[PDB]
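*Asks:* Dropping the structure in here first, questions after.
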Ligand code: SF4
Ligand code: SF4
Ligand code: SF4
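Residue numbers (the entry's author numbering), protein chains in the order written: chain 5S, 132 to 204, 219 to 279; chain 5P, 134 to 395; chain 5N, 2 to 151; chain 5f, 2 to 65; chain 5F, 8 to 164; chain 5W, 1 to 157; chain 5E, 76 to 91, 98 to 467; chain 5G, 33 to 231; chain 5Q, 1 to 198, 205 to 292.
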C-alpha cells in the first residue's frame, strides 16, 4: 500500500516523500506495524520450493512404462466433526473474554455461557454419544 | 533421430554399419546379417536421417550381398517413439502443431509382428540379400490418426493446428541450429525437427510390389485396436470415470443410461 | 596422551608424518567413509596391541580388556578398496574367533600346492566361468558321442 | 550415547547460528531490538507520525 | 573440455556416493531367509548403520532382496511389486530358494530361482546365508554401484 | 494497490467458479481458497481477530465436514448428466442482470464510497459482547445447543 | 447357485505373505476370509521321493522359528515304528535344546507382536539373546537355524566341551533380560488397552477350534503334553504350568512369559543333571557308526555304505506322534509300506488350526486389532502352508 | 502391574458389561476399590501424572547411557565354530593327489540333487572323477555330503563370503572346487584336528 | 531483505530436521543397545543428506486413475504451511500470534485428507480420516490450553495480547497439569506414539515423501517452540533439543493406542480438564 492523501501523510507536502513511500523498505517499526505481510512472501517462496522439488525427480530419474506400476498397492466421523465445529465456535466466542480485563458480572455471564455449553456436552456424554464403538 | 555434437547422422547410419558389414564378411562364419532402416528412407529425400539411412542400406548391400534389409514404418508399443511423443504433444502442451493439411499416408505396425518377422526371416532362406518392408493392414493419414487418438484419450478439445511447413521450420529453426555443440538434452521430442516436417510432406507406406508380411506368411494384427491399444488406453486406464465425456454413452451400461435418460 | 595417540595413528595409518597423513587422499576418503574413518581414528587408537602382519600388509590387533565378540580387529592396507577376501586363512580362524591360533604363535603346515589369498574378481569379466560359458577360452560341446564327418 | 552426541551438539549449534544470524539481520533491518513488541493503534500512530516526521526532516534537509 | 570432463567424473562420483549409501529395500517376509534378514538389521549387525531403511512401499524402495522361496502363485505378485519399483532399481538374490530352487527345485509349484521372473544384480548364497554374508553381499552391491558412470555416458552420447 | 485490488476481484471470480465446476472436490477447494482470500482482504480492513476466527471456523471445521460428507456420499456422477444435461439459461441470465450490471445495488442511489482501514479492538469487542449484547450471547449459546441437540437427535442409525 | 449383485463394500488386505479379505459394515469387522497357499511348497509329496534321512532337512524349514521341535516329532515317529530306545544323555540334550528353541520362539513371537503393536525396543533387545542362542546352535551343529541335529536314535554329534559353561552364563542373566523386557509393556496402560479383552476365546470353542500351546493354557485349561504324554526326559523334569482364565491377548502374553520362565527352570535342571554316556543308539544297522569305527572295521564300513545310500527299511505300519511345540502341538502322521522311503507323511501344524479362528474371533473387532489377532496367534506360514 | 481396571479393557462388550455389571469386582485379578482418601489419592496418582510410562522411560534412558554390542564389519567379525558348514570344497592328500575317489556316496546321499558326477579310470589305473560339479544355487549346505564321505574329500569350508554378481559364477565345477580346497586347506585341516575328537 | 530473512530462517529448519531424524534414529539405537547410523559419513554425520539426495534422484510415479494435481500439491501444501508457521514463529508481530499459529496448524489436516482422497487406496481412505479426526479432536484442547495461557499474557502498555516477545521470561509453575496435557496434545498432533496408529502417504514417493517428512518434523519443531515459549519461559535452542530428546524418549518406550481409545481419551479426559482449568484460571485472574 501507498498513501494517496496528504492527510494520510500527516499533511507533509513534497514529492520526495511520495517516492520514498513508493520504494520504501518494509519495517514493522516503519509504516506497517502488524502488517502480516511476510506471510504472503513466505507463501510465494514455499510454493516455489515445493514446485521445484516436485519437478526435479522428473528430470534426474530414469523412466519406464508399466501397466501395473500405475496401480495402488462412518458416523463417528460425523459426530466428531460436527462437535468440533460447535466447540470451536464456542472457543472463538470465549477468546475475546480472555483478552480483556473483564468485570464480575462479565465473569458471571461467561460462566453462564460455559454452563449452557457443558450442559449440552454432558447430555451428549450421558446418552452414549461419546462412546465411539461406531 | 536427432543429431548430436558427439555423433552425427552419417556416423551412426553410414560408417558404422559399413565397417560392421566389412568385419562380418571378414569373419566368414556369419550366415545372416540383419539390418534395419525406415520405410521413409530414400536417397532423394530432403530429410538428412532418411538419406543417411538409404545410403547406409546401399553400403551394407554392396559390402554384404546376402544381408537382409528390413524397412518397417511406424512401430507401436508401450515405450515406442511414435505414440508416446504424440501423447506428450497432445497433453502437457498448450497447442499441437500439424504440418500443412497433414493428409500424408502412413502404415503403422506393431512390434511383436516385427519380432515374429525376424524369426520368419531367419527361417526363410530366400529373404537373404533382399529388402522387406513392414506395414499394417490399413492406410491412414496423420489427421485420421490424431482424431482416433483424441477419441482414445476422449479429449473434448482439439488442440491441434494445421500450419504451413515454413512456419513449423521457423518454430524449430532456433533449436536445430544449436543442436550441435551440445551433449544432448532430455525430454526432447524427435518431432521438433525440419526432417520431421519433410517426412510429413510425403506419404510413408509400403511400396507397391514390395516384400512384406504376406511374404512371411504373417498376418499383421490390428494396430488401431486390440491388445496393442490397451497400453495407450492405460493413459485413460481404459476408462472408468475419467473425463467429462458424454459421447462415450455408447459403451455405458444399460441402467445408467436410463438413469441419465438418453 | 596426545603424543601416544599420534604415534599410534602414524603406526596404524602407515604414513610417516601427521602432515603426510592429513594431506593424503586416504584421509580425504576417510572424510566420506565413516566405517573406514572409525577404524583409523577410534578402534585402532584405543588401548590394545598389535598382533602381526600378513603378506598383504594388513595389521592385526587384539584387546583383552574389551568385551567378548569385540576383542580382535584388523586394518586393511588397501585403504580405497578394502575387502575381507584378502585376509589369509591362517588369520581367518583367529579373526573369526574359531581358534586361538595365529602365525605369530602357531606354526602351521604349508602344502606345496597352497594358493595364496587375494581380492575377489566377482563382477569382472576375468572371473571364473563354467566350461560351457561364452567367456570360456574354447567352447565345449558336451555331446557324449562323436559325429561322423565325410 | 556417544554416537548420537555429535548430532545432539550439531542441532543446538545449528539453531544457535540460525537464531544469531536472524537476530543480526533483523536488527540491521529494523534498527531497534524491540520490533517484536505488541503495538496498538496508539503506538502505530506514534511510529507512523515519527516516520513521516523523519521524511519531512529529510525534505527540509535538502532546502538549505 | 578436459575440465568439463573432470567435472562430469566428479559428479558421477558424488552420484554413486549418494545412491550407494542410501539404499532402501522393501520387505518380502517370504520364508527362512527373512529371519536372517531381520537379524541383519538388529543391534549386532545394524543394517541401519549402512544407510539401509526398510520402506512399506515400493515407491520409496531402492532395491529388492528376495528372502525366501517363491511360488508360482506368488510370482505374479512379486512381479507386481517389482514393477512398482521406481528407477534406478536393483535386485538382490539371497538364499538358494531364491537362487535356483534349491531344496524345492523339483517341486511343481516352485519358481526355480527368482531370476526366471525378474532380473537380479546380487546373488547371495546360503540356506540360509549368514547375516554377515548378507552384509558382504550388500557391500558388493555398493561396489557395483560405485563403478557406475551415468553422466560420463550421457556427456559422450 | 494493484495486488490488493486483484485479490479483492478474485473473491467474486472464485464465487462464480464455485458453482461453475462440476467436480464437488473442485467446488470445495474453490470455496476454501475464497474463504482464505476473503479473510486476507478483510485483514486489510484491520480485523486481525475476526479474520482468524473466520479462517479457523470455516477451514478447520466446516470444509472438513463438507469433504467428508462428499467423500462418504459421492461416487463420481459428473458424466451422470452433470456434463450431458448442462445448465439453465434463465439462471445465468438472471445472475448477469443481478451481479454484472447490478440494476439493484446495495448502495442504490449512491455510486461511490470511500473504503478506509479500521482499528479492531478486542477489548472493545469484549466490552460490547459481554456488556451490550450479552443477551444475544446467551441466545447464541441457545442456538449452539439447538444445533447440537438437533444433530444428535437426527442421527442415522 | 450364487450371483454377485450387491458389490458395495470391497477390501484387499495385503499381498505382502498373508492375503486377507475382510467385510465391514463400517469401522467394525463382520467377516474375515484369509486366503493361503502362497507358501505351499508341496513338501509332503516331495517327501515320498526322499529317504528318511534325506527328508530330515525338510522338517527344518517347516517352522524356521522352532526347528529341533519339528525334528523331534518326526524322529520319534520313525523310532516308535523302528522300536528303538534313546540313550539318556541324548534325551537330556534333546530336552535342553528343545527348551532353548522354545525360548527362541517365544522371544521372536513376543517381539514381533510388540513391533506390530508399536513397541520396537524389546524387538532389538531380545534379538541379542537370540543371537547368543544362535551362536549356541552353531557351536553344536555348524548351522544357525537349520541344524539337522536330531537323528533317529540320538543326535549327530556330542556337545563340544565348554558349551554348558556358556549356557549357564547366559542363564545367569537371561532372567534380568526378561525382567527389563517386561517393564516396557507389563505396567503400561497402553499395552493393556491394546491387548486386554481383544480376541476372547472359550475353552469349549478352543477344544472345538483345536487350539494347542499357550492359547489353550490361557482358557483355564490344565494341559501340557510334557506332563500328560511325556516324551524322553520330560517326565523327570519338575516345572510349573502357567494358567490364565480370560482368553485375552494380554493373558496369552503373560502365559508365554511364564512359559519362558519355566523353560529357564528346565534349562537349569538339565544343566545340573547332564549324564555321561552314549549319545547315539547302539544299533549300527539304523544309526551310523563313528568315522574312526568306519575306517578300521569292515562291518561298520558296510553299514555306512548301505545306510548313506539306501537307508534303513522301516517295517510296514502306521503311527502318528506329536510334540508340545512352542506354537502348539506339532504332529506328523507316518505311513510305512516296508521300504526305505516313507509311503505317506502327513504333517499337522498347530498354527494352521489357530489361523482358522480368524473369522469368528475378528467379528466385532476393529482393523487395529486384526494385526493384534495375527500377532497373538503366533503363526508361521511355513508350517501352515507345507 | 498386571491388575485390571474398569474402562481399561479395549472392547465394548466388556466395557459395557463392567459399567453395567459389577462382575469385575468378583474377579480377584481386578485391583480392589480404594477405601480411604489415601487410596483415592494413590489411584489418582496411578491414572493421572502417568507414573507407569515413567518407569519404562527411565529404564530406556539408562539404556542410553549404557554400553552397546555393535560390531564394525568388515573390520570386525563374529564368533563361529569348526563345525560351521560353508562353501563346499575338494580336498587333496599332502603329496598332492585328490582325496575324492568317485565312490559317489556324496551324490547318492545328497537330497538336493545338486551334485553331478562323471568318472572313469585314469591313465595310471587310478579311479578318479572326470566331472565333479555341485550347484551352490541348489546346494542346501546341509553337510550330509561331509558326513557321508569316508576319505574326507568333500568339505564345507569356513568361507561364507562368496556372493557373486551373476548366478552362473556359482555353478561350481571340479576345477574351482579344487582351487577352493587348495586355498583353504590349512584352516580345514586345523578344524579337522579338533573335529576328529567328535566326528 | 524480507525474502533473505525468510531464507535465513529456512536453512536451519531443513538442516536441523535432517539432523532431528538422524538423531532420533541414533538415540533410538542408543536406547536399543545398538549404535545406529555410523558408517554413512563421520560417525554417520551424513545420512539424511544422502537420503534426501537419493529420494531426489528416485523416480516419481503418478497413478493414471486419479487427479495428480492434488497428489502433487498436498505435500506441497503441507510444506507451505510448515514454512508459513516458521515465518509466523520468527518473522511476525501479530497481536494474536499464538492464535495465528494455532489456525495455521489447523490447516495441515488437509494434506493428509487430500492425499487420502487422491490415491485409490482403501486403507489410505480409512487412515487419512482416522488421523484427521484425531488431530481435529485434539485441536480443541490445544486451543483451550492457549485460552488458559492468554489469561495472563499482558504487555507493559496493559493490553492483553499473544505477542511472543511479551511472554514472561519465567516458567509457569502454576499450570503444570495444563502444560502436561498440552504436551500430550502436541504428541498427538504429530502422529507420534502413543498416537502413531495412522501410512497415509503409502502411495507417495520421492521428494513428495521427503516433503511429507519435512512437514511432519517441522510441525513437531513448531509445536516444540510454541511449548517452550508458553511454559518453559522463553525460546531457545536448548529447550527445542531437550523437548525433542524427551519426545524420542517417549517414542522409544511406549506402544500406540487404539483409534476409538484415544478418541475416548481426548473427548472425555483432556478437553473437559482444559475447560475446567480455563475456568479456574479466569476466575483467579479476576
Ligand atoms: S534358502 Fe533355505 S533358509 Fe533361506 S528361505 Fe530358502 S529354505 Fe529357508
Ligand atoms: S567327494 Fe567323497 S563321497 Fe563324494 S564321490 Fe568323492 S570320495 Fe565319494
Ligand atoms: S552340503 Fe548338503 S546340499 Fe551341499 S553338496 Fe553336501 S549334501 Fe549336497
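Just so it is clear, CB atoms sit at the ideal spot from N, CA and C, and this is done for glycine as well.
Which bits of chain 5F does residue 98 (chain 5E) rub up against, with CB to CB less than 7 Å?
*Replies:* For the purposes of this step, residue 98 (chain 5E) is taken as the residue at position 17 of the seventh chain. What residue 98 (chain 5E) touches in chain 5F: 36, 37, 81.
*Asks:* Anything in chain 5P within Cβ reach of residue 65 (chain 5Q), meaning under 8 Å, just list it in chain order.
*Replies:* For the purposes of this step, residue 65 (chain 5Q) is taken as residue 65 along the ninth chain, with counting starting at 1. By Cβ distance, chain 5P contributes 370, 373, 375.
*Asks:* Given that residue 134 (chain 5F) touches chain 5E, what residues does it touch there, using C-beta distances under 8 Å?
*Replies:* As a working note, residue 134 (chain 5F) is residue 127 in the fifth chain. By Cβ distance, chain 5E contributes 227.
*Asks:* Is DSSP giving residue 33 (chain 5F) helix, strand or coil here?
*Replies:* Sequence index remark: in the fifth chain, residue 33 (chain 5F) carries index 26 (1-based). Strand.
*Asks:* Can you name the residues of chain 5Q whose CB is closer than 9 Å to the CB of residue 168 (chain 5P)?
*Replies:* Your numbering for residue 168 (chain 5P) matches position 35 in the second chain. Near residue 168 (chain 5P) there are no residues of chain 5Q at all, since even the closest Cβ is about 34 Å away, more than 9 Å.
*Asks:* Name the DSSP bridge partner or partners of residue 168 (chain 5P)?
*Replies:* For the purposes of this step, residue 168 (chain 5P) is taken as residue 35 along the second chain, with counting starting at 1. Paired residues: 202 (chain 5P).
*Asks:* Taking 6 Å as the cut-off, is the beta-carbon of residue 135 (chain 5G) closer than that to any non-hydrogen atom of ligand 3?
*Replies:* Position 103 of the eighth chain, counted from the start, is the residue given in the question as residue 135 (chain 5G). No; taking the cut-off as 6 Å, the Cβ of residue 135 (chain 5G) has no heavy atom of ligand 3 nearer than that.
*Asks:* Just confirm the distance between the C-beta atoms of residue 192 (chain 5S) and residue 59 (chain 5Q), as a whole number of angstroms; I'd bet it's less than 8 Å.
*Replies:* Along the first chain, one-based indexing puts residue 192 (chain 5S) at 61. Along the ninth chain, one-based indexing puts residue 59 (chain 5Q) at 59. Confirmed, about 4 Å.
*Asks:* Which residue from 81 (chain 5E), 467 (chain 5E), 456 (chain 5E) puts its Cα closest to that of residue 192 (chain 5E)?
*Replies:* What you label residue 192 (chain 5E) is simply residue 111 of the seventh chain in a count that begins at 1. For the residues 81 (chain 5E), 467 (chain 5E), 456 (chain 5E), the minimum Cα distance to residue 192 (chain 5E) belongs to 456 (chain 5E).
*Asks:* Should residue 265 (chain 5S) be flagged as near chain 5Q, meaning a C-beta pair shorter than 7 Å?
*Replies:* Position 120 of the first chain, counted from the first residue, corresponds to residue 265 (chain 5S). Closer than 7 Å: no.
*Asks:* Could you check the C-alpha separation between residue 174 (chain 5E) and residue 353 (chain 5E) for me, to the nearest Å?
*Replies:* Taking the first residue of the seventh chain as 1, we reach residue 174 (chain 5E) at position 93. Taking the first residue of the seventh chain as 1, we reach residue 353 (chain 5E) at position 272. C-alpha separation (whole angstroms): 12 Å.
*Asks:* Return yes when the Cβ of residue 141 (chain 5Q) is within less than 7 Å of the Cβ of residue 249 (chain 5Q), no when it is not.
*Replies:* Within the ninth chain, residue 249 (chain 5Q) is the residue found at index 243, counting from 1. Within the ninth chain, residue 141 (chain 5Q) is the residue found at index 141, counting from 1. No, Cβ-Cβ distance for residue 249 (chain 5Q) and residue 141 (chain 5Q) is not below 7 Å.
*Asks:* Among the candidates 266 (chain 5Q), 127 (chain 5Q), 178 (chain 5Q), whose CA atom is the shortest distance from the CA of residue 150 (chain 5Q)?
*Replies:* Residue 150 (chain 5Q) sits at position 150 when you count from the first residue of the ninth chain. Answer by Cα proximity: 178 (chain 5Q).
*Asks:* Using a Cβ-Cβ cutoff of 7 Å, what residues of the region 74-103 of chain 5G are near chain 5Q? List them in chain order.
*Replies:* Within the region 74-103 of chain 5G, the qualifying residues are 85, 88, 89, 92, 93, 95, 96, 98, 100, 101, 102.
*Asks:* By alpha-carbon positions, which one of 332 (chain 5P), 331 (chain 5P), 330 (chain 5P), 309 (chain 5P) ends up nearest to residue 321 (chain 5P)?
*Replies:* Your numbering for residue 321 (chain 5P) matches position 188 in the second chain. Selected option, being the one with the closest Cα: 309 (chain 5P).
*Asks:* Would a check of beta-carbon distances place residue 107 (chain 5E) closer than 7 Å to chain 5S?
*Replies:* Numbered from its first residue, the seventh chain carries residue 107 (chain 5E) at position 26. Output row for residue 107 (chain 5E): interface = yes.
*Asks:* Of all Cβ atoms in chain 5Q, is any one closer than 7 Å to the Cβ of residue 234 (chain 5S)?
*Replies:* Stepping through the first chain from its first residue, residue 234 (chain 5S) is reached at position 89. By this cut-off, residue 234 (chain 5S) is not an interface position.
*Asks:* Any Cβ of chain 5P within less than 7 Å of the Cβ of residue 84 (chain 5W)?
*Replies:* Looking up residue 84 (chain 5W) in the sixth chain gives position 84. Judged by the 7 Å Cβ criterion, residue 84 (chain 5W) is in contact with chain 5P.
*Asks:* Is the Cβ-Cβ distance between residue 174 (chain 5P) and residue 166 (chain 5P) less than 7 Å?
*Replies:* Against the second chain, residue 174 (chain 5P) aligns to sequence position 41. Against the second chain, residue 166 (chain 5P) aligns to sequence position 33. No, they are not a contact pair.
*Asks:* What's the gap between the Cα of residue 389 (chain 5E) and the Cα of residue 135 (chain 5E)?
*Replies:* Taking the seventh chain and counting its residues from 1, one reaches residue 389 (chain 5E) at position 308. Taking the seventh chain and counting its residues from 1, one reaches residue 135 (chain 5E) at position 54. Distance between the alpha carbons of residue 389 (chain 5E) and residue 135 (chain 5E): 9 Å.
*Asks:* Can you tell which of 380 (chain 5E), 376 (chain 5E), 400 (chain 5E), 366 (chain 5E) has the C-alpha that lies nearest to the C-alpha of residue 393 (chain 5E)?
*Replies:* The residue you call residue 393 (chain 5E) lines up with position 312 of the seventh chain. Checking every option, the nearest Cα to that of residue 393 (chain 5E) belongs to 366 (chain 5E).
*Asks:* Let me see if you follow: with CB-CB separation under 7 Å, is residue 124 (chain 5N) close to chain 5F or not?
*Replies:* By one-based count along the third chain, residue 124 (chain 5N) stands at place 123. With 7 Å as the cut-off, residue 124 (chain 5N) counts as an interface residue toward chain 5F.
*Asks:* So, residue 109 (chain 5Q) versus residue 135 (chain 5Q), is the Cβ gap smaller than 7 Å?
*Replies:* Position 109 of the ninth chain, counted from the start, is the residue given in the question as residue 109 (chain 5Q). Position 135 of the ninth chain, counted from the start, is the residue given in the question as residue 135 (chain 5Q). Their beta carbons are under 7 Å apart, which means residue 109 (chain 5Q) touches residue 135 (chain 5Q) by this criterion.
*Asks:* Would residue 101 (chain 5E) pass as a contact of residue 78 (chain 5E) if the rule is Cβ separation under 7 Å?
*Replies:* Residue mapping note: residue 101 (chain 5E) aligns to position 20 of the seventh chain, counting from 1. Residue mapping note: residue 78 (chain 5E) aligns to position 3 of the seventh chain, counting from 1. No, the Cβ-Cβ distance between residue 101 (chain 5E) and residue 78 (chain 5E) is not below 7 Å.
*Asks:* What does residue 378 (chain 5P) reach in chain 5W if we use C-beta pairs closer than 8 Å?
*Replies:* Numbered from its first residue, the second chain carries residue 378 (chain 5P) at position 245. Simply 79, 83.
*Asks:* In angstroms with no decimal places, state the Cα-to-Cα distance between residue 198 (chain 5P) and residue 170 (chain 5P).
*Replies:* The residue you call residue 198 (chain 5P) lines up with position 65 of the second chain. The residue you call residue 170 (chain 5P) lines up with position 37 of the second chain. The alpha-carbon atoms of residue 198 (chain 5P) and residue 170 (chain 5P) are separated by roughly 17 Å.
*Asks:* As a quick exercise: from 56 (chain 5Q), 64 (chain 5Q), 285 (chain 5Q), 69 (chain 5Q), pick the residue whose alpha carbon is nearest that of residue 263 (chain 5S).
*Replies:* Stepping through the first chain from its first residue, residue 263 (chain 5S) is reached at position 118. For the residues 56 (chain 5Q), 64 (chain 5Q), 285 (chain 5Q), 69 (chain 5Q), the minimum Cα distance to residue 263 (chain 5S) belongs to 285 (chain 5Q).
*Asks:* On the DSSP bridge assignment, give the partners of residue 426 (chain 5E) in chain order.
*Replies:* To locate residue 426 (chain 5E), count along the seventh chain from 1; it is residue 345. According to DSSP, residue 426 (chain 5E) bridges with 415 (chain 5E).
*Asks:* Would the C-beta of residue 142 (chain 5E) count as close to ligand 1, meaning under 6 Å from any of its heavy atoms?
*Replies:* For the purposes of this step, residue 142 (chain 5E) is identified with residue 61 of the seventh chain, where counting begins at 1. For ligand 1, at least one heavy atom lies less than 6 Å from the Cβ of residue 142 (chain 5E).
*Asks:* Would residue 49 (chain 5f) count as contacting chain 5Q if we go by Cβ distances under 7 Å?
*Replies:* Sequence index remark: in the fourth chain, residue 49 (chain 5f) carries index 48 (1-based). Not closer than 7 Å to any Cβ of chain 5Q, the Cβ of residue 49 (chain 5f) fails to qualify, so no.
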